[PDB]
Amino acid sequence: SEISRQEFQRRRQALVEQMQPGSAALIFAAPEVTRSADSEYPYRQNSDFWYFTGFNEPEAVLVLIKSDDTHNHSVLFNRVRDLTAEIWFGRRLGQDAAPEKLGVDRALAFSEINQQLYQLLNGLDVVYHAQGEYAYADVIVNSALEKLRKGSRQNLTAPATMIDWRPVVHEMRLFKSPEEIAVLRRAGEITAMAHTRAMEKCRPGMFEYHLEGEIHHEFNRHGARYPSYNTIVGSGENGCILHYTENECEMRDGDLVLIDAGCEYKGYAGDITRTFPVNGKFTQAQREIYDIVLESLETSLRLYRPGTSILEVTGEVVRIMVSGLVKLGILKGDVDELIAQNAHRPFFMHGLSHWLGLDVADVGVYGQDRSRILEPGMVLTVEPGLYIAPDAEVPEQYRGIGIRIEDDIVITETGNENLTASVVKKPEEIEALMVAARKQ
């Protein structure tokens, strides 16, 4: 599954529909990024630029011009064909091929942007620009507007109104099309296969980074070349560090390992966490904490639906956690009083859910305390966890246990669809999976 030319075009048109007559929207590509000296990191297109183009080159700018309420057109600035540059560094789309390939009306060389952009903005009332997104982009836009402001003797005029299109565009991204959901479903499947593989491969004495290697190989074979974020493989005490990415330790017989990893497939993020015993068998202490996190996730998956909110579901999870921690003697006191005191926070210190899409921590307004009412088309994670620090003042057997279990869901008309349930999470299923692998 992918996003096609006609969908990118529909998105451009939907933005144009929201724009004032006599305006232009400017969407800039990501800069290339140095890794060291003259070597660059693998290119990652800006999510918003990608959303409207599916075009994976730097030095590109999409300009949507809404001349009035019926007439609009698009102009792409992009790198020129250049035989020597292409022999060295790769093929370029160029100007001749872009209109047909991308479904834009006109294409111009990026090298000419300063000579041309002001001409496109001249006489417009409004420019939509994400000020501060990129320095290079602000320079180009500010230069164009200055030429227009200072150009009255050449009959030039600048648009006086600049509107940040990020809020409008991020609200578009928050609600996924069926095609987007299909892509996210595939990302979830790929990511789940990777996690299953990690559980089947994990043995005491392997290094945390070995599981990262297994996961990334699995992503790759299904055509998700890159992870959507830096893979976390936190064994033992390392699991208590939320974004542990050192992945440098030897995994010990008797420790849990917490894996938070997700692929990037056609631009879209998977995002799964599974925690499991390195040796294939939960200890009693590990199981006692695990059961509370799993109940939290299972209850959340029952509850998430249109008309509730992340805040409302979080309240249910907090009750589950406080209740469970009191039963184990990790917290002491009356459950309702402890809830009132947010007594869970030393052990569950992050949010239950974030939006998911072209960014793993995806764009879109959450509302105060993530109270926004959920609607069909929203995609989000569900990621309860409990982290008991090595020096926590709790019964000894729980110290140094970090557990998180995370699925990706889409809100539907009656509830939700779990995109990542194809990798096991019930403790008996984890143990059976690992037992079977360990016998081979």
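When you see a residue number, it is the position in the sequence shown, counting from 1.
Average Cα temperature factor in the PDB entry - higher stretch of 24-32, 388-396: The stretch with the larger average C-alpha B-factor is 388-396.
Between 80-88 and 297-305 (mean CA B-factor, as deposited), the higher: Looking at the recorded C-alpha B-factors, 80-88 comes out higher on average.
Highest-ranked of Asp255, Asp362, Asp96, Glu208 once sorted by CA temperature factor in the record: That would be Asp96.
Largest Cα B-factor, entry values, listed residues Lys176, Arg153, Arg197, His354: Out of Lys176, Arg153, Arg197, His354, the record gives the largest C-alpha B-factor to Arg153.
Chain-relative CA temperature factor third for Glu212: Its C-alpha B-factor, which the entry lists for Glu212, ranks in the middle third among residues of this chain.
Chain-relative CA temperature factor third for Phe282: Bottom third by C-alpha B-factor.
Third of the chain's Cα B-factor distribution that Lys201 belongs to, per the entry: According to the entry, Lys201 has a C-alpha B-factor in the chain's lowest third.
Position of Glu288 among the chain's modelled residues by C-alpha B-factor, lowest, middle or highest third: Answer is middle: the recorded C-alpha B-factor places it there.
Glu17 - Cα temperature factor, lowest/middle/highest third of chain: Tercile = highest for this residue's CA B-factor.
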